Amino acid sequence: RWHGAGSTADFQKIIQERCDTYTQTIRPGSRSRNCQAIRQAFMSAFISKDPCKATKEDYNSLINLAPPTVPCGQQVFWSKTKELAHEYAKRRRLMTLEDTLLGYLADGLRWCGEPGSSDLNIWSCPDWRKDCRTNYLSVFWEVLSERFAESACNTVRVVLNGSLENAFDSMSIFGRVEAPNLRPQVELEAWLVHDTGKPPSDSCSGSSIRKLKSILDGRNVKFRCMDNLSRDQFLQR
């Protein structure tokens, strides 16, 4: 029925198993959380509904069970730097969205339902461009991203791509949802990191980063920007 790839096979089992692994072996001691209840809430958010009428409100109950809150001074944002940013966060024992409970559950997966049915659509799912932006996969990442940004505290870091013409993309989730909802008075450190021995194409003094700085000034968030670093110099530091 849709243009996008279908749901991850065995979605329900994958998320519950990821939840067990996360809560018991990845970030334990926190107060306890029921993984069966989390799985049930996640399914209830989208199953049997119109797959192109997802709203942020559909996810309030799921997120309340496990908000994407990272301890102060440990939070990492990224944009166009997925691989690098996660390497960095892993090495420094920091957390990206994909390191929160719900982000860990959902990372890399696909899901959508079908009206009337209680089952996943494993055959096809709304593509964001061809079908609808208001789909359950896209909306999940948006609302999770917003709460993650709102809960950030003290010093936060962002890894950006110094090999693009514009390291800051105002239409990205980081630019649209995260930066504009950053808790006021936190401090943000940006790292603009470039490839290989390929000379950077954007810097902290470029137009796009000046736009980011304007947003942060508006949030009363202090900004420090470092650039002209290759992947190795950034990670080795």
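Don't overthink the numbering: it's just position in the shown sequence, from 1.
Stretches 136-144 and 107-115 differ in mean CA B factor, with 107-115 having the higher one. Comparing 211-219 with 15-23, the higher mean C-alpha B-factor in the PDB entry belongs to 211-219. Reading the B-factor column for the CA atoms of 89, 122, 156, 159 in the entry, the top value corresponds to 122.
You'll see in the entry that, of 175, 67, 184, 51, the Cα B factor peaks at 184. Among all modelled residues in this chain, the alpha-carbon of residue 100 has a temperature factor (C-alpha) in the lowest third.
Among the modelled residues of its chain, residue 163 has a C-alpha B-factor that falls in the highest third according to the deposited record. In this PDB entry, the Cα temperature factor of residue 171 sits in the top third of its chain's modelled residues, the highest group.
Ranked by C-alpha B-factor against the other modelled residues of its chain, residue 195 falls in the highest third. For residue 149, the recorded CA temperature factor ranks within the lowest third of the chain's modelled residues.
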